[PDB]
Amino acid sequence: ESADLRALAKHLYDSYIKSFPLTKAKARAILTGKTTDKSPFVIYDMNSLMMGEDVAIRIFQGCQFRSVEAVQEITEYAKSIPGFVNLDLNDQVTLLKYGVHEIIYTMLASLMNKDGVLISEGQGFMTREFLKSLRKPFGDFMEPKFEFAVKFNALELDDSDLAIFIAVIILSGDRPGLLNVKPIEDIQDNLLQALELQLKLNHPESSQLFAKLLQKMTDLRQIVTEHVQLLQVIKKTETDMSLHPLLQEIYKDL
Ligand SMILES: CCC[C@@H](C)CCCOC(=O)[C@@H]1CCCC[C@@H]1C(=O)O
């Protein structure tokens, strides 16, 4: 029923805003000159980095903790998705283990543009080339993400659409090590059903956006494998970087 699907979207949207502080609507407003409250601090060179503190190893160490904040926020949101808590806890953990990262990149794009990414809850904006100027294996970490985001943001998705897109990625059913696949797939299908309804009602001009997301869902899987394997280099060659245990266990068994 369309009505039940529309209710689920509003519910997930409400959980989405609660669980996640910075919304794409908010992020765009700051990334554009639409907001009058404040103009974002721009980190274009190391100097501006030092001015804002008042290096690549530190940047990622900072990215790590926010990743941990995100894991909590995603975990807080996953519980909101009806049917998640009633699943086998083993599968609940497994679903979050492999989905968390793919979700981070999806929402990171909301805070990204071709020029750079918003940082510090929208108070700052770090340039893409500055991140590229980490020619050490760190400078490669962010170029692929920017390219995906520009293409992903071309779909012109909004928070209402993203809320359901995230939920689908969580309730995958194809992730390794799931014990009861059927009940997970049952939830995803209804979530996919609601996504199609949302996209058609929210994106009239755009056609087959449902397919575009499904294709992008596959791309996110590769981007994660690139992050994991790229991390594999750091663990061996660059022992100067350390990994937070929770993330390190998530990275375990790919
Ligand atoms: C919902 C958005 C969350 C943003 C703020 C997270 C910013 C980037 O976080 C990362 O990717 C780092 C990158 C390097 C170390 C691993 C770590 C990770 O892969 O989790």
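Per the working numbering, the sequence shown starts with residue 25, numbered consecutively.
Backbone N, C-alpha and C define an ideal beta-carbon position, used for all residues, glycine too.
query = Helix, strand or coil for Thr60 per DSSP?
reply = Working through the sequence shown from its first residue, we reach residue 60 at position 36. Note: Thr60 maps to coil in three-state DSSP.
query = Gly163 to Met70, Cα distance in whole Å?
reply = Mapped onto the sequence shown, residue 163 falls at position 139. Mapped onto the sequence shown, residue 70 falls at position 46. Distance between the alpha carbons of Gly163 and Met70 is about 14 Å.
task = Tell me, please, which residues DSSP counts as bridged to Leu142.
result = To locate residue 142, count along the sequence shown from 1; it is residue 118. Note: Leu142 sits in a beta bridge opposite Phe149.
ask   = For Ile67 versus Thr151, is the C-beta spacing smaller than 8 Å?
value = As a first step, residue 67 must be located in the sequence shown, where it is residue number 43. As a first step, residue 151 must be located in the sequence shown, where it is residue number 127. Yes; because the gap between Cβ atoms is below 8 Å, this pair is in contact.
task = Compute the minimum distance between the beta carbon of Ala53 and the heavy atoms of ligand 1, and state whether it is under 7 Å.
result = Working through the sequence shown from its first residue, we reach residue 53 at position 29. No, Cβ of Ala53 sits at least 7 Å from all heavy atoms of ligand 1.
message = By the DSSP assignment, the beta strand (DSSP E) with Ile67 in it spans what residues?
response = What you label residue 67 is simply residue 43 of the sequence shown in a count that begins at 1. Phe65 to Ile67 is the span of the beta strand (DSSP E), which, as asked, contains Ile67.
ask   = ligand 3 heavy atoms versus the CB of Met150: any closer than 7 Å?
value = Absence of ligand 3 from the depicted structure is noted, with ligand 1 being the only ligands included.
ask   = So does the segment 163-175 actually touch the segment 210-225, counting three or more Cβ pairs closer than 8 Å?
value = no
ask   = Which residue spans inside the segment 194-259 form an unbroken alpha helix (DSSP H) run of at least 4?
value = 205-226
inquiry  = With a threshold of 6 Å on Cβ separation, who are the neighbours of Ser231 within its own chain once the five nearest residues in sequence on each side are excluded?
reply    = Numbered from its first residue, the sequence shown carries residue 231 at position 207. The answer is none, since no qualifying residue turns up.
inquiry  = With three or more beta-carbon pairs closer than 8 Å as the criterion, would you say the segment 96-107 touches the segment 190-202?
reply    = yes
request  = May I ask which residues mark the beginning and end of the alpha helix (DSSP H) holding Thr263?
outcome  = Along the sequence shown, read from residue 1 onward, the residue named residue 263 stands at position 239. Per DSSP, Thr263 belongs to no alpha helix (DSSP H) and is neither H nor E.
inquiry  = Please report the straight-line C-alpha distance between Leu132 and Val95, rounded to a whole angstrom.
reply    = Translated into positions along the sequence shown, residue 132 becomes position 108. Translated into positions along the sequence shown, residue 95 becomes position 71. The alpha-carbon atoms of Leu132 and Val95 are separated by roughly 13 Å.
ask   = Between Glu77, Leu223, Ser184 and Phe89, which lies nearest to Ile41 when the distance is taken from Cα to Cα?
value = Here residue 41 refers to the residue found at position 17 of the sequence shown. The shortest Cα separation from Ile41 among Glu77, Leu223, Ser184 and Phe89 belongs to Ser184.
query = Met136 by DSSP, collapsed to three states: which one?
reply = As a working note, residue 136 is residue 112 in the sequence shown. Reduced to three states, the DSSP call for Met136 is strand.
query = What are the boundary residues of the alpha helix (DSSP H) that includes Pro161?
reply = The count along the sequence shown starts at 1 and reaches residue 161 at position 137. First-last for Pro161: undefined, no H or E at that position.
ask   = Which term fits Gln222, buried or exposed, when burial requires 16 or more other beta carbons within 10 angstroms of its beta carbon?
value = On the sequence shown, residue 222 is found 198 positions in, with the first residue counted as 1. The residue in question, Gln222, is buried, as its Cβ has 16 or more Cβ neighbours within 10 Å.
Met74, DSSP secondary structure in three states = Position 50 of the sequence shown, counting from 1, holds the residue named residue 74. Three-state DSSP puts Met74 in a helix.
Assigned secondary structure, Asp277 (DSSP; H/G/I helix, E/B strand, else coil) = On the sequence shown, position 253 is the one that residue 277 refers to. Three-state result, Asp277: coil.
Cβ-based burial, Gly201 [other Cβ within 10 Å; buried from 16] = Taking the first residue of the sequence shown as 1, we reach residue 201 at position 177. When all chains shown are included, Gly201 counts as exposed.
message = Using C-beta distances below 7 Å, list every residue in its chain close to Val252, excluding the 5 sequence neighbours before and after it, in chain order.
response = Here residue 252 corresponds to residue number 228 of the sequence shown, with the count starting at 1. Cβ within range, chain order: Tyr275 and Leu278.
inquiry  = Let me see if you follow: with CB-CB separation under 8 Å, is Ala235 close to chain B or not?
reply    = Here there is only one protein chain, and chain B is not present.
task = Specify the secondary structure class of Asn114 as computed by DSSP and reduced to three states.
result = Here residue 114 refers to the residue found at position 90 of the sequence shown. Note: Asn114 maps to helix in three-state DSSP.
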